[PDB]
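*Asks:*
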Amino acid sequence: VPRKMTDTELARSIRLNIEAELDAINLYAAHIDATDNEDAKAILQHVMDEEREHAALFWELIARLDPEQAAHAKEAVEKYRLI
Amino acid sequence: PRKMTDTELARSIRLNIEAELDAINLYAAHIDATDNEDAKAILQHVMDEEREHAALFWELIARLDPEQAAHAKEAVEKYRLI
Amino acid sequence: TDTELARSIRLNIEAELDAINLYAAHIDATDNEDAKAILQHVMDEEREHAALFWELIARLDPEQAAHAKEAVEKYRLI
Amino acid sequence: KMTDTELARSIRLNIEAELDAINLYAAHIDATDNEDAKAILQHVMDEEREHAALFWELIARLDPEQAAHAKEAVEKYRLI
Amino acid sequence: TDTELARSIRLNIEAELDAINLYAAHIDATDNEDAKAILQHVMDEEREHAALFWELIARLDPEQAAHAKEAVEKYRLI
Amino acid sequence: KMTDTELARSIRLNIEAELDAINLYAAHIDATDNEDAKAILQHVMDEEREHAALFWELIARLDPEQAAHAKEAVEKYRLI
Amino acid sequence: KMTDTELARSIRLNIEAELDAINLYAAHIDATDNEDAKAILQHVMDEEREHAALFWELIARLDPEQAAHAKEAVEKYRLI
Amino acid sequence: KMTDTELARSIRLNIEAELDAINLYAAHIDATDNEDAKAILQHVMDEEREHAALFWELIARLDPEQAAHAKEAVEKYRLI
Amino acid sequence: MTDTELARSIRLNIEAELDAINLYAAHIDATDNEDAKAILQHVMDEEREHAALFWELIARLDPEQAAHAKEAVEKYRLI
Amino acid sequence: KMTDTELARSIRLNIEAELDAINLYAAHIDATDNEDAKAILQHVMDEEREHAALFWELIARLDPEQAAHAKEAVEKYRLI
Ligand SMILES: [Fe+3]
Ligand SMILES: [Fe+3]
Ligand SMILES: [Fe+3]
Ligand SMILES: [Fe+3]
Ligand SMILES: [Fe+3]
Ligand SMILES: [Fe+3]
Ligand SMILES: [Fe+3]
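Chains as they are written, first to last, in PDB author numbering: chain J, 18 to 100; chain A, 19 to 100; chain H, 23 to 100; chain C, 21 to 100; chain E, 23 to 100; chain F, 21 to 100; chain G, 21 to 100; chain B, 21 to 100; chain I, 22 to 100; chain D, 21 to 100.
Below, the structure written as structure tokens:
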């Protein structure tokens, strides 16, 4: 019940939406290499790229809330930081 | 890892229509479960784009081995049901 | 009128399509004729069901304006 | 397989799927108050019932024996 | 009267059929005859159980008028 | 040489399925007020119990060693 | 219900859970040839088996009857 | 594979798993009044967030297109 | 066939032990019987012993126990 | 409960989930041969192991008895 309506409910829900978008992109990535039709493959790459933009959009929202966005700012330094 | 023109192509696209609509229902539930405006905006945006994804997969099954002859008497047989 | 009605009809579309896929998997799992033929009949009827639920959800509140530009988005790729 | 461990078990599962679909449509008749939705739910449920009965006719004269469904209406009779 | 009793009995039919499917899958994975015999016995009893549930759900609520015209729709494809 | 994870484990699964069926039907006796449903539920549930007992007696002789279910009556009695 | 579907359902679930754990440890015994794993997995399997037998005696003193689980040793030989 | 099938899809799945862990730990933050547990939970949740950020930058620095990380900040402001 | 065939399996066995303890505890806290409570708490104690045993097994195996030497200090290192 | 099932069982679940994360990354080490992936996966797996150790002492440095985890090194040695 103690939920500021906006500061803690939709955050778990939008992380869920990120997960769902990512799984959908995974399925379309599995399906690009599963036929030799060219138009179907093309429309699948289009929908896959659009879902990819969805994932980026939900990610950029999920960063700018009460969770810590400095972790997704210290990521470019921590990537190369492994030797 | 597998290639077939009939089921390995059609069954998967029928599944994809289900997946698009699952996303649509989930998004519609997320529109009606908060009062955020940024979240509402990005959710209705993503929801409308999946609505295009679902319509496109519906044309894929139409322009596939399945028959778009079901979608020619459907507007009348809905009306043929009262 | 909403999830009470719309989410349930989306779900019924999933169920119809799942029945078509399952019966198609059972048709491509034999080379008989009795099961194949009557399963083709049940498959055809399931497909009609899915089309019917699709026209209903179009003729309800939601925006089927994607199913008006779907014929143009199919044609637009060659 | 294809008749022993496959087809009949798979067709039993097909009957199972028809029963589940009808269960969903019957729950959906009384979970809204629309008339168009009510009409098409009853219509699709009727056709599903046709599907389930016909799959039952297949399983009767398929590998399983249609002698069990016939010596059961009297075992029901055991309720008064 | 609805999904709590009748649909639940349809669920019971589902459970009977799945139990028969599992026991039949277990009969076709060995040639030990003692297990095969008791498994086939239990399966025959499950089969009568499932038939019993089917005739009850015919009487409880939904219409078995398809289950009177089912041999009639079976015959139409030969 | 599989009578272990091809014969015995399968019977553990069969006991699991029987017990789950008994639990499901017992939930179905406690979810309505009908007599006919009561009659068929009590009949089929008792027969399922018989099935579970049959599978248990099968698993006793198949593989595992029943040194516990002969020494078990003392561990219940060990208090109260 | 409580004693019928809170007491009995819970202990049948306990038997099922014991069976699931035993099946998992048995699958892991035949999925390696290590000696530490074999020894400790067989030990844990022995203790789970003890747990399962004890849960079975618990359900004996509940809603199921040994009127079938005492006629199971007599009914096994008469089935082939 | 090790570039497309098993590499890009797998890293997206790992991102999903880390996000599920973050959501779970946030649920455990809102279900207690312990402060040592709260502290370790916000620390581990932050570390999972660090994992999610790292996996996101890798999947960007992989085959997939990081052009969304140039477009999304403009397409979000465009939403009212 | 030495790491992910066995180590994931031993972690899974630990998972089963943990779920068994949680389920047993939920069934101990669902009645006011003492025979069932006592023997179920006993079985839970053996489940705890099992989880402990598998944990010591995984320590002398492929994963790194370098966390279990400074973990008592990083636990306290939070105030 | 705030201490029994709302706190303790949740921590049992959290340890289970951390083991799941390490297991998934261990499955992913056996599904590719890239070096960027190996580096970041080893980092996140090492951090997950740290998480699991932290939750293990939290459940240990609680009211339940870490006395099984004080005589474990002796009872395994009792296994051959
Ligand atoms: Fe999307
Ligand atoms: Fe989608
Ligand atoms: Fe249908
Ligand atoms: Fe049965
Ligand atoms: Fe049964
Ligand atoms: Fe155990
Ligand atoms: Fe146990």
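Backbone N, C-alpha and C define an ideal beta-carbon position, used for all residues, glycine too.
Which same chain residues end up closer than 8 Å to G:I35 when comparing Cβ atoms and leaving out the 5 residues on each side of it in sequence?
*Replies:* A72, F75, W76, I79
*Asks:* Keeping to the same chain, check which residues put their C-beta closer than 8 Å to that of G:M65; ignore five residues upstream and five downstream.
*Replies:* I42, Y45, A46, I49
*Asks:* Heavy atom of ligand 6 less than 8 Å from the Cβ of G:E67, yes or no?
*Replies:* yes
*Asks:* Name the one or two DSSP bridge partners that C:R29 has.
*Replies:* None, per the DSSP bridge assignment.
*Asks:* Between D:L27, D:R98, D:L99, D:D40, which lies nearest to B:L61 when the distance is taken from Cα to Cα?
*Replies:* Ranking D:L27, D:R98, D:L99, D:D40 by Cα distance to B:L61 puts D:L27 first.
*Asks:* Is A:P19 close to chain H? Criterion is C-beta to C-beta, closer than 9 Å.
*Replies:* So, not an interface residue.
*Asks:* Smallest Cα separation from H:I31: which of C:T52, C:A87, C:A93?
*Replies:* C:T52
*Asks:* Taking DSSP as the reference, what is the three-state secondary structure of B:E55?
*Replies:* coil
*Asks:* Distance cutoff 9 Å, beta carbons only. Does D:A57 sit that close to anything in chain I?
*Replies:* So, not an interface residue.
*Asks:* Would you verify that the beta carbon of A:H89 is, or is not, closer than 9 Å to some beta carbon of chain J?
*Replies:* no
*Asks:* Could you check whether the Cβ of I:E38 sits closer than 8 Å to any heavy atom belonging to ligand 6?
*Replies:* yes
*Asks:* On the three-state DSSP scale, how would you describe C:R81?
*Replies:* strand
*Asks:* In this structure, how does DSSP classify E:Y97 when only helix, strand and coil are distinguished?
*Replies:* helix
*Asks:* Taking 9 Å as the CB-CB cut-off, is J:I60 touching chain H?
*Replies:* Closer than 9 Å to some Cβ of chain H, the Cβ of J:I60 qualifies, so yes.
*Asks:* Can you say whether E:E67 is buried or exposed, counting buried as having 16 or more other CB atoms within 10 angstroms of its CB?
*Replies:* buried
*Asks:* Let me know the secondary structure DSSP gives G:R69 once reduced to three states.
*Replies:* If DSSP states are grouped into helix, strand and coil, G:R69 belongs with the helices.
*Asks:* Is H:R81 closer than 9 Å to H:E38 when the C-beta atoms are compared?
*Replies:* No, the pair does not count as a contact, with Cβ atoms beyond the cut-off.
*Asks:* Is D:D66 close to chain I, meaning its C-beta is less than 9 Å from at least one C-beta of that chain?
*Replies:* yes
*Asks:* Please name the residue, chosen from E:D83, E:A88, E:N54, that lies closest to F:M22 on a Cα-to-Cα basis.
*Replies:* The option with the nearest alpha carbon to F:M22 is E:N54.
*Asks:* At 7 Å on the CB atoms, spell out the chain G contacts of D:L99, in chain order.
*Replies:* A59, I60, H63
*Asks:* Can you tell me whether DSSP reads B:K91 as helix, strand or coil?
*Replies:* helix
*Asks:* Determine the direct distance from the alpha carbon of I:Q86 to that of I:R98, and round the result to whole angstroms.
*Replies:* 19 Å
*Asks:* Determine the closest residue to D:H63 out of J:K96, J:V18, J:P19, J:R20, with distance taken between C-alpha atoms.
*Replies:* J:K96
*Asks:* Heavy atom of ligand 4 less than 8 Å from the Cβ of F:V64, yes or no?
*Replies:* yes
*Asks:* Would you check whether ligand 7 has a heavy atom nearer than 8 Å to the C-beta of G:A41?
*Replies:* Yes.
*Asks:* Below 9 Å between beta carbons: does that hold for D:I100 and G:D56?
*Replies:* yes
*Asks:* Chain B partners of D:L78, CB-CB under 7 Å?
*Replies:* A57, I60
*Asks:* Does the CB of A:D24 have a neighbour CB from chain H at under 9 Å?
*Replies:* Cβ-Cβ to chain H under 9 Å: yes for A:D24.
*Asks:* At a threshold of 8 Å, does G:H71 count as lining ligand 6 (C-beta to nearest heavy atom)?
*Replies:* yes
*Asks:* Taking its Cβ as the centre, do 16 or more other Cβ atoms sit within 10 Å of A:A88, making it buried, or is it exposed?
*Replies:* buried
*Asks:* In whole angstroms, what is the alpha-carbon distance linking D:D40 and B:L33?
*Replies:* 13 Å
*Asks:* If the cut is a Cβ gap below 9 Å, which residues of chain J does B:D40 touch?
*Replies:* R32, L33, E36
*Asks:* With DSSP collapsed to three states, give me the class of B:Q62.
*Replies:* helix
*Asks:* So, at 8 Å on beta carbons, what are the nonlocal neighbours of J:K58 in its own chain, with the 5 sequence-adjacent residues on each side left out?
*Replies:* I49, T52
*Asks:* Specify the secondary structure class of H:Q86 as computed by DSSP and reduced to three states.
*Replies:* Looking at H:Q86 - three-state DSSP - the assignment turns out to be helix.
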